[PDB]
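Chains, contacts and geometry: an overview
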Amino acid sequence: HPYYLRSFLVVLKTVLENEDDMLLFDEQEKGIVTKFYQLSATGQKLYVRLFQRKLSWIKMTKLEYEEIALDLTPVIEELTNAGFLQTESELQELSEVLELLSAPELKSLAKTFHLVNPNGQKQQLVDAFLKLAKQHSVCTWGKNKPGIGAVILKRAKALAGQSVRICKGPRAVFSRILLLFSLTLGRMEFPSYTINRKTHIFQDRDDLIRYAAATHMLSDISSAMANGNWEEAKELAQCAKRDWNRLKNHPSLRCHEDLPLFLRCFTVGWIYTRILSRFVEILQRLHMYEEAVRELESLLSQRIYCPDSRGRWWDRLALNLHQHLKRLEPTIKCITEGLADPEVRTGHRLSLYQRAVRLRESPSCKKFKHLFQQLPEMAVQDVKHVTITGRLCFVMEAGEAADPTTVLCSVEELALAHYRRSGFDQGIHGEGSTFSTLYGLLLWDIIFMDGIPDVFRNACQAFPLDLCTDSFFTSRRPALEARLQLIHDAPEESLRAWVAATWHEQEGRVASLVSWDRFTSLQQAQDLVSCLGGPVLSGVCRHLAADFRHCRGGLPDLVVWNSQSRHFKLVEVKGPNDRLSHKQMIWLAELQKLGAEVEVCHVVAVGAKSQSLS
Amino acid sequence: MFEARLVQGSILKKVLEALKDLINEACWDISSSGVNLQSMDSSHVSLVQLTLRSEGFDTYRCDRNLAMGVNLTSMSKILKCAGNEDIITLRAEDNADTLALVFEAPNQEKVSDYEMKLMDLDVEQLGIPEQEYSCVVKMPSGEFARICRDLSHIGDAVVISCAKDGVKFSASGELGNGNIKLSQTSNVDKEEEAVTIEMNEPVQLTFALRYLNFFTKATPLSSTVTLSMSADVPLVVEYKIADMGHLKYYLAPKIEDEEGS
Amino acid sequence: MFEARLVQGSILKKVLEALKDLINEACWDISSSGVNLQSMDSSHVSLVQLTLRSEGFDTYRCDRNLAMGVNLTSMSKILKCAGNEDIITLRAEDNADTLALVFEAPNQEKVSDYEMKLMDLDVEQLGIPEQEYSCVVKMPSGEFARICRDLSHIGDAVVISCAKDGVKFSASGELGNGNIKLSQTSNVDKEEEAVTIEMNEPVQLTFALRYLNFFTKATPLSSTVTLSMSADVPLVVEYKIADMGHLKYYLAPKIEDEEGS
Amino acid sequence: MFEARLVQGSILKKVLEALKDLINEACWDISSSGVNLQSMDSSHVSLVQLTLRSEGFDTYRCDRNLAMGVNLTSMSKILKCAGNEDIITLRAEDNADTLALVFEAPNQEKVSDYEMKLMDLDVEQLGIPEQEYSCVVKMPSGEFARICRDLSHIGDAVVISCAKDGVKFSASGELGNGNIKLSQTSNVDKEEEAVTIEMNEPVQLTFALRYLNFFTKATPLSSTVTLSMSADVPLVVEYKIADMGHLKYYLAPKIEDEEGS
DNA sequence: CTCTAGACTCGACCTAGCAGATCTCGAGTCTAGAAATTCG
DNA sequence: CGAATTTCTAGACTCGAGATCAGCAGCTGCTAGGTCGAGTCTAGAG
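Along each chain, numbering proceeds from 1 in written sequence order. Entry numbering may differ, and residues lacking coordinates are not shown. Going through the entries in the order they are written, you letter the chains from A and number the ligands from 1. Derived side-chain values reflect all non-hydrogen atoms in the structure, with water molecules and hydrogen atoms excluded from consideration.

Residue and element names in this part refer to chain B. Counting rule for disulfides: a pair of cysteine sulfur atoms within 2.5 Å. UniProt positions are given in the numbering used here, feature names are shortened, and annotations may be inferred rather than shown by experiment. The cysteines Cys-135 and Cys-162 carry a UniProt disulfide annotation, and their SG atoms are 2.0 Å apart, under the 2.5 Å mark, so the bond is there. Note that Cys-135 is positioned in strand β12 (residues 135-140) and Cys-162 in the loop between β13 (157-161) and β14 (168-173), a separation of 27 residues in sequence. In terms of burial, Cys-135 and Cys-162 fall into one category: buried. Strands here mean DSSP runs of E at least two residues long; helices mean DSSP runs of H or I at least four residues long; both are numbered from the N terminus. For every residue, the accessible area (1.4 Å probe, protein chains only) is compared with the maximum for its type, and the residue is labelled buried under 20%, exposed over 50%, or partly exposed between those bounds.

This is the structure:
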């Protein structure tokens with residue numbers, strides 16, 4: 001693909017202009033990357049495709065990559081001489097060749113031998129051949145010649161033939177360079193952000209290795225959870241904990257402590273913490289909940305690395321001590337401090353109050369009412385429940401009843417059709433994406449104000465990292481409010497300006513998380529802000545910035561605004577066998593507090609057949 | 001120019017039966033004192049030995065030493081097409097790649113002659129370490145065939161204990177454990193009934209059961225088998241072919257740590 | 001200390017193979033009266049009962065009535081080691097979970113011992129009602145052995161219309177219909193060829209031949225079948241085990257309503 | 001209405017196996033002369049014809065000639081369950097729609113009737129020529145089959161060569177070459193254990209061993225098989241059906257390709 | 001007034017998919033080899 | 001006792017579903033769905 005040639009080359013040529021990049025790489029690796037650079041342009045593709053492919057011995061006869069040549073073999077020996085594609089050559093490892101070996105000729109090789117049950121499945125045949133390693137007493141019967149496995153691999157190669165593989169060093173160095181580029185495609189027109197890289201994230205080249213060691217493990221553990229085999233995970237996690245234990249007393253994390261929270265996102269301890277965090281759901285799922293109880297305790301000792309982590313451990317203690325390990329005396333102590341911890345907020349906490357209410361009403365904890373006299377309240381005024389009907393699959397009969405075509409749909413159109421005929425033509429959906437979209441264009445350069453360290457660290461960043469963290473707002477508390485109140489006072493025509501301008505000023509330019517499809521037409525957006533203005537959205541963003549980690553979504557799904565009649569029909573999609581979460585109306589309550597038009601839209605379970613009954 | 005004529009063609013028929021699948025290719029070493037076959041399997045696990053003398057042949061002459069490699073399967077395809085009573089007229093030409101197999105009719109009415117292509121094997125001077133065996137067991141072949149065949153289903157290895165009161169065969173598996181032992185014959189003078197055991201020191205070894213079936217193919221050859229054992233020595237199974245010679249089956253013992261890992 | 005010594009090993013050999021194809025596990029109800037088996041089939045359609053009187057055994061003892069659930073499938077393979085003429089010595093000991101089988105050669109030169117593993121099976125008892133039947137015939141075993149098989153080529157649903165002058169074991173299928181009518185015989189010197197029938201009321205019902213083929217595996221047990229029928233009552237197929245026991249088979253008639261569907 | 005009672009049903013029984021593997025549908029030209037059968041093989045290469053005289057039957061009478069067809073496959077499965085020493089009374093009505101089986105027993109104690117569906121076939125008659133043959137060979141039929149399957153291991157083509165002192169059966173395969181010649185022996189008083197070849201002119205042809213294997217299916221019809229061969233003439237393999245009739249085979253010789261060029 | 005068994009409810013509880021082609025595979029079926037059997 | 005016949009059993013061929021791959025999806029939270037222990041209502045008996 002022409003994409004792959006430009007992409008990897010763009011990555012390298014962009015990571016080049018970083019003096020830290022050369023600082024953290026030895027002259028040997030510099031020679032390595034340069035000798036990739038001098039490599040043939042058509043020879044680049046072969047290493048590119050294989051690099052982003054699985055690490056396993058593969059025969060070129062199996063390979064079919066044609067866009068270089070039907071006989072690109074001379075490139076193969078050239079690149080082998082370059083010292084990367086280790087060919088058949090040094091292959092004295094029976095397991096690897098068995099892995100290359102396929103089952104049919106594996107069955108044939110079984111036939112020419114005597115082994116027990118030469119008709120089984122792939123792996124147990126493999127370790128059956130591995131039991132053939134246990135020898136050198138019957139092979140030494142006459143002449144010694146202990147290479148019975150040597151004979152095995154010789155006949156295997158006769159069966160298999162040629163293969164290639166990559167040495168570990170080059171793969172390791174490109175892994176490091178790619179993760180350096182990533183730091184938490186060439187077609188992407190990046191925004192108007194320049195750069196503000198000031199401070200190096202890490203502290204030493206040794207430190208980054210452990211992340212590389214951990215990142216591999218973290219992905220490994222991620223696959224372990226999709227297997228059901230956490231048992232192997234813990235032993236290396238113990239080693240990882242031992243690796244943590246060995247590196248608990250290391251100053252690198254202290255500089256991360258010095259690093260802002262958006263730079264604290266990854267930290268030796270934090271990585272090890274998230275390693276130990278997965279250990280907990282490793283522990284709980286294998287029902288070793290008591291240790292998982294112990295881990296969160298030492299976790300709760302730490303708060304600095306991702307402050308939005310202590311609250312999770314509070315739920316961990318409750319969940320551990322309620323569902324399986326019923327242990328009252330601690331879990332009351334937990335739930336109390338859990339409801340009080342600052343990082344515990346919104347849905348993360350409002351569930352806990354109902355959890356507190358549900359727990360206190362239970363006979364088990366009904367005895368400890370005296371410890372449950374500090375209950376907050378979120379008295380709600382549940383929004384008018386417009387309960388509608390419509391076909392379900394979902395399936396929509398949109399249009400005239402004469403054409404009741406299926407055309408599979410979702411719950412949106414049902415309400416959309418109901419509300420569009422209710423004089424609310426425009427407005428599809430999108431929770432709080434649109435509000436962020438409104439937030440994006442108008443405040444863009446304020447949002448992307450620079451000069452602050454590592455705002456645009458990479459050469460490709462769009463969001464200045466701290467976007468997730470509340471320190472974004474604290475950074476520009478004066479700057480935001482000046483622009484914020486201006487929008488609050490700005491009339492509709494003024495809003496159209498920064499909408500259309502930033503729409504054009506940053507068209508194509510990567511709009512971080514801003515979604516252009518939210519504004520299907522720019523004039524529609526300018527017509528949308530003609531319906532918006534001041535407190536309507538200004539109240540929203542005040543809540544957004546600081547309370548950001550915990551408030552990405554949950555907003556009314558539908559937005560259904562009248563394009564020309566100003567008045568909008570904001571909607572939370574709901575229905576029977578469903579309910580509004582504790583946090584869900586926390587949007588609506590303040591929305592209805594500012595007099596928003598949110599409309600709870602319950603949906604009667606109505607099927608295709610059902611309407612025919614009447 | 002080698003040419004050997006054996007009246008009892010069935011003996012040459014039977015000998016291939018055991019070697020038909022146990023060995024695929026071998027060198028047919030022939031000397032003036034008789035026939036001697038010795039080769040190895042593809043698994044490098046067992047050795048087969050032949051000691052056919054020149055005396056047993058009705059008419060024998062081997063002008064010069066030959067050692068020729070021919071396919072085992074090819075020969076078995078030909079031995080099957082001759083009756084159990086035809087007179088073998090084996091005749092091998094000096095460096096001509098033609099083996100004259102003539103199956104003479106005892107009726108003197110049919111003529112059966114066959115020739116096959118000759119291949120090229122390699123000789124590796126197999127070492128034959130001669131050693132005395134503490135436990136020597138002679139017992140009829142037919143009974144031996146059962147014990148090896150019966151214990152095949154229960155397990156895959158046998159722990160042989162040379163008990164002076166009578167040798168015992170024990171095999172274990174996921175189905176359970178089963179031990180079979182016999183009593184040495186004292187009063188039955190029949191050679192096809194002796195369970196005589198030679199005792200010097202008890203020995204307990206282990207072997208693969210997947211081969212005992214192959215070796216027991218030689219039951220049509222003789223009525224009694226001889227098994228000799230000691231500490232850390234290969235299993236030996238010898239068949240006495242009348243006065244024609246003896247054939248011996250070599251089987252190195254299974255290593256004790258193979259089951260451990 | 002349950003012990004049962006029966007000289008006729010073949011009859012014990014003969015009983016197992018009939019049970020292999022229908023039952024996976026069962027509970028062995030043994031008593032001082034003798035060995036009694038009441039085990040409904042794995043397919044949950046047919047019922048099989050077996051009872052062995054203690055006096056039939058050459059040496060029978062039963063201190064306490066045990067009820068062991070043993071894997072039925074594996075039993076034959078151990079039994080396949082037993083010869084056609086060995087003396088079986090069923091024996092159980094205390095509270096262990098192992099049954100002892102000993103096979104003795106008639107010449108007392110080969111003693112075979114074996115051990116299996118017992119499992120825990122629930123003791124499910126089903127009531128056995130005793131009553132008379134409509135069409136009762138004493139009909140030779142080898143006779144029907146083909147009859148189930150021969151008409152198994154036609155279809156899988158016979159409509160038995162037993163009458164006063166023989167049998168009307170008809171069948172049908174897409175290729176055609178199989179219509180056999182055996183003539184009742186009474187003036188036969190031997191009782192092995194008599195097909196005498198006692199009639200009170202004709203009955204017309206239907207069965208699936210697949211089970212019928214399974215129910216014929218016990219042919220070597222005897223030569224005189226005591227199969228009988230009545231309206232809407234499961235079939236009974238009883239085999240007299242010489243003077244050793246009785247082997248009865250139960251199968252409910254197939255309802256004609258499913259044939260319409 | 002046609003009735004044919006045959007005491008020797010075994011002769012009628014063993015006919016079907018020869019015709020099974022090569023013929024599926026056929027027509028039976030039935031007249032007062034006896035039973036006649038002509039049917040080209042399914043592959044349209046070899047010709048198989050059958051003739052029986054009516055006088056061989058114990059009872060036979062046919063008022064009006066009939067040419068009616070039945071699948072060969074179905075009838076043999078029916079005849080599978082029958083015994084070899086039974087009495088059969090083949091019978092067919094004028095309106096050809098079903099075939100009734102009048103199977104009897106030597107003790108006249110068990111009788112079974114079966115009904116076969118008939119079917120219609122186009123009566124395709126081919127006029128075979130009668131002529132003298134160059135080399136005609138009569139020899140033990142069992143011996144002829146024994147020669148075939150040896151040469152089938154080599155190739156699928158045997159060179160027929162009537163020579164001065166017998167035939168020169170020669171198979172040429174990839175693995176090797178197989179030459180078999182039998183001395184012309186006529187001094188033996190037992191004509192069944194003898195070969196007689198008449199000389200008119202030497203002629204050499206080759207035939208596919210696939211059909212020879214099928215043709216050898218009729219070996220136990222007669223102890224001797226007569227072979228008549230001629231230049232550019234289909235092979236003749238005839239079996240005398242005791243005194244009941246005769247059965248001869250046609251197989252057109254293969255065209256010798258110009259492999260030498 | 002109180003204790004217990006059954007139906008309605010409601011709130012908690014858990015799990016799969018993303019995207020089309022591609023091999024790969026894993027059970028299902030047949031027929032020749034293996035073997036008991038059995039009769040003149 | 002040998003050979004035929006039949007049966008038994010394993011090796012070969014078919015099919016349809018399971019797993020994987022590459023250039024991109026993962027945004028993960030709303031939706032659907034099967035579940036469960038406790039709360040709650042009611043009918044019959046004391």
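That shown, we press on.
This part takes up the arrangement of the chains. No other pair of the 4 pairs of chains in contact has as many contacts as chains A and B. If you take every C-alpha in chain A and every C-alpha in chain C, the smallest gap between them is 19 Å, and the two do not touch. The closest approach of any C-alpha atom in chain A to one in chain D is 21 Å; the two make no contact. It only takes one pair of heavy atoms within 4.5 Å for two residues to be counted as in contact.

Our focus in this paragraph is the nonpolar core. One recurring pattern in soluble globular proteins is that nonpolar side chains are buried together. The criterion is simple. A nonpolar core is a set of buried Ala, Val, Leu, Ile, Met, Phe, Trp, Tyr and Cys residues joined through side-chain atoms within 4.5 Å. With 219 residues, the main nonpolar core has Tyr-249 of chain B, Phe-2, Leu-247 and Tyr-249 of chain C together with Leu-19, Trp-28 and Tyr-249 of chain D as its most contacted residues. At 6 residues, the largest contribution of residues to this core is made by helix α1 (residues 9-22) of chain B. If sequence neighbours within four positions are ignored, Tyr-249 of chain C has contacts with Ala-18, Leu-47, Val-48, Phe-215, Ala-218, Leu-235, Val-236, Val-237 and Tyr-239 of chain C. In terms of nonpolar packing, the next biggest core, distinct from the first, is built from 58 residues, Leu-467, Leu-495, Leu-528 and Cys-551 of chain A among them.

Turning next to the protein's contact with DNA strand E. Residue and element names in this part refer to chain A. The near set for a molecule or strand comprises every residue that places at least one heavy atom within 4 Å of it. Every residue close to DNA strand E is listed here: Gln-121, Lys-122, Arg-285, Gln-323, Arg-358 and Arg-579. A share of 100% of the atoms of DNA strand E within 4 Å of the protein falls on sugar and phosphate groups. The definition of a polar contact used here is a pair of N or O atoms within 3.5 Å, where within protein one atom must be able to donate a hydrogen and the other to accept one, and adjacent residues in sequence count solely through side-chain atom pairs. Separating a phosphate oxygen of DNA strand E from a side-chain N or O atom of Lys-122 is a distance of 3.0 Å. A distance of 2.6 Å separates a phosphate oxygen of DNA strand E from a polar side-chain atom of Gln-323. When residues are grouped by polarity, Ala, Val, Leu, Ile, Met, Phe, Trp, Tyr, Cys and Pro land in nonpolar, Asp, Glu, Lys and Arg in charged, and all others, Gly among them, in polar. Residue composition of the surface near DNA strand E, grouped by class: no nonpolar, 2 polar and 4 charged.

Right, let's get into the UniProt feature "domain: VRR-NUC" in chain A. Taking the numbering used here, the UniProt-annotated feature "domain: VRR-NUC" corresponds to residues 492-604 of chain A. Counting secondary structure, residues 492-604 of chain A comes out at 41% helix and 0% strand; the distance between its end C-alpha atoms is 38 Å.

The subject of this paragraph is the interface of chain B and chain A. Between chain B and chain A, the contact holds 18 residues from the first and 12 residues from the second. Throughout, buried area stands for the accessible area (probe radius 1.4 Å) lost by two parts on being put together, summed over both. Contact with chain A buries area across many residues of chain B, yet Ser-42, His-44 and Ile-255 of chain B alone supply 35% of it, more than any other trio. At the boundary of chain B and chain A, one finds 5 residue pairs in polar contact. Looking at the side of chain B that touches chain A, the elements that each hand over two or more residues are β5 (46-50) and β20 (245-251) of chain B. Across the side of chain B that touches chain A, the residue classes tally to 9 nonpolar, 5 polar and 4 charged.

What follows covers the protein's contact with DNA strand F. Residue and element names in this part refer to chain A. Looking at DNA strand F, the residues that line it are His-1, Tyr-4, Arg-49, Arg-53, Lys-54, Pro-363, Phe-394, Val-573, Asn-577 and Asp-578. Backbone atoms, meaning sugar plus phosphate, form 100% of the atoms of DNA strand F positioned within 4 Å of the protein. Between DNA strand F and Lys-54, the relevant distance is 2.3 Å, taken from a sugar or linking oxygen to a side-chain nitrogen or oxygen of the residue. Between a phosphate oxygen of DNA strand F and a side-chain N or O atom of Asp-578, the distance comes to 3.2 Å. Across the surface near DNA strand F, the residue classes break down as 4 nonpolar, 2 polar and 4 charged.

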